[PDB]
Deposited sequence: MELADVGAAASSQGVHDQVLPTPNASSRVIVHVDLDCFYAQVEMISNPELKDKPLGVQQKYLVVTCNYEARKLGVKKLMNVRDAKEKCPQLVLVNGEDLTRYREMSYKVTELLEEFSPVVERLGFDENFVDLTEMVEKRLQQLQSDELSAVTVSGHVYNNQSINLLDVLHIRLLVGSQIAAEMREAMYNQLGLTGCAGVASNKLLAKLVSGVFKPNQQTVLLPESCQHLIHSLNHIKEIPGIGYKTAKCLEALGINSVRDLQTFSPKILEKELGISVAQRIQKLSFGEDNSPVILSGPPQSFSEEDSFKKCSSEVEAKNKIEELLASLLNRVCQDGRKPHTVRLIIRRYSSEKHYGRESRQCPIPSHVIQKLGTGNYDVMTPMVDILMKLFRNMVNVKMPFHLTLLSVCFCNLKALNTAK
């Protein structure tokens, strides 16, 4: 059975949130800085050659008038990220988050419901909303085309709601599985949407210039695949199944080979409430294990306010570190009476004991709360 999936992906999300706070940043090229990294920038800045994730130096050298704002505190972006998801959940309850500014929504049931409500004459006036990938011709007698055009109409409505209710612009992609939705959502940026009819699936997949660009294939699998002389999507498409299982295991092998064909049966899962709460900090160095205790107290402070607000309780805590010049973690359950909520001083002895069990009394420190209930 075919599906209609939508992938919603916001424009320069952190930048966009900062530009709604202080409008004085509109019309100015804008980057959001975290330590020595420009994590994202507005499209005014991408015109000037600034790119996502280039360090501050490279960015000021390329754009000396670039405005930098600090984005080390995710509180505002996180609040907005969930307003967006909750809005999308109004359309269909089953919404899958991916990072802070992407959502998958399975529009299938919605699409069929709207067609059940259309009169025959009304069914030939069905029009696309936005771009059709590869400028492909629509065949109104093709049931799949009709369903994907309705999918595109719902997408437009979503985007219109996010601008009208939260003042946010973004892109959307409508396709038949999650993978295709997310590959097509990027074809026209910013603030536009694109629909992929089936005939054009191979065109879209082959539009990629290397397997790294396929969601599901990262730095490890990519580098592994290169060692086998697989560099294009068609290489992976035509590569030998058996040989691929042996180097990657039947799992990674079969899933990514199907991906290379545009085929993706994975369902849109309901993300619901977060599975974990964490904060972290990086620095030049921290060999003051008494000072590390101060940093840990600061991290833990905010997390308490956040986890409290959620209304569920974590039954496990974790501490994470990174050694000089490759991360390590140590966890433990959370004492039952401690869950009953001065909870700091208790937690600080726990985390420090976890600290010392990991290090003998320094470039990162992180606290995670998981096992929520």
Next on the checklist: If a residue lacks a C-alpha atom here, it counts as unmodelled; so which stretches of the deposited sequence fall into that category?
Outcome noted: 1-25, 351-355, 372-377, 398-402, 415-420
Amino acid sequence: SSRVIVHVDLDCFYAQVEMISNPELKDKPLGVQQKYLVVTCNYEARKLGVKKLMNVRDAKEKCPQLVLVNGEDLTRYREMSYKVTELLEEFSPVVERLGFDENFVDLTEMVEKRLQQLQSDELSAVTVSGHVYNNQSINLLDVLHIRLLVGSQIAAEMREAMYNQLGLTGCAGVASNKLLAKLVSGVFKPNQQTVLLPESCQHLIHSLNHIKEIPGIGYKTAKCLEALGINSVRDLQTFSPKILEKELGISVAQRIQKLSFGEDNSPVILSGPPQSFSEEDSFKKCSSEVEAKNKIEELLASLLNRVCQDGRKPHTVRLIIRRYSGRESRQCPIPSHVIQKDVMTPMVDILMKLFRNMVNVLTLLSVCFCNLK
From here on, numbers count along this sequence of modelled residues.
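Here the rigid core means the biggest group of C-alpha atoms that line up within 1.5 Å when the two forms are laid on top of each other.
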Checklist entry - Fitting on the core, do the C-alphas of 241-249 or of 199-207 deviate more in 9 other deposited structures of this protein? => result 241-249
Checklist outcome for this item: Note: with structures superposed on the core, the stretch whose C-alphas sit farther off in 9 other deposited structures of this protein, 274-282 or 289-297, is 289-297
Checklist entry - Looking at the other compared entries that model residues on both sides of it, is residue 360 unmodelled in at least a third of them? => result yes
Next on the checklist: I want to check something about residue 342: across the other compared entries that model its neighbours, is it left unbuilt in at least a third?
Outcome noted: yes
Checklist entry - As stated in the PDB record, which stretch has the larger average Cα B-factor, 242-250 or 201-209? => result 242-250
Next on the checklist: Averaging CA B factors per stretch from the PDB record, which one is higher: 218-226 or 191-199?
Outcome noted: 218-226
Checklist outcome for this item: Highest CA B factor of 40, 70, 316, 305, as deposited, is found at 305
Checklist entry - What's the residue among 236, 301, 158, 80 with the greatest CA temperature factor in the PDB record? => result 301
Checklist outcome for this item: residue 277: CA B-factor among chain residues, third -> middle
Next on the checklist: Using only modelled residues of the chain, where does the Cα B factor of residue 178 rank: lowest third, middle third or highest third?
Outcome noted: lowest
Next on the checklist: Could you place residue 109 in the lowest, middle or highest third of its chain by Cα temperature factor, using the values in the record?
Outcome noted: middle
Checklist outcome for this item: Chain thirds by Cα B factor, record data; residue 131 belongs to the lowest
Checklist entry - By its CA B factor, does residue 256 count among the lowest, middle or highest third of the modelled residues in the chain? => result middle
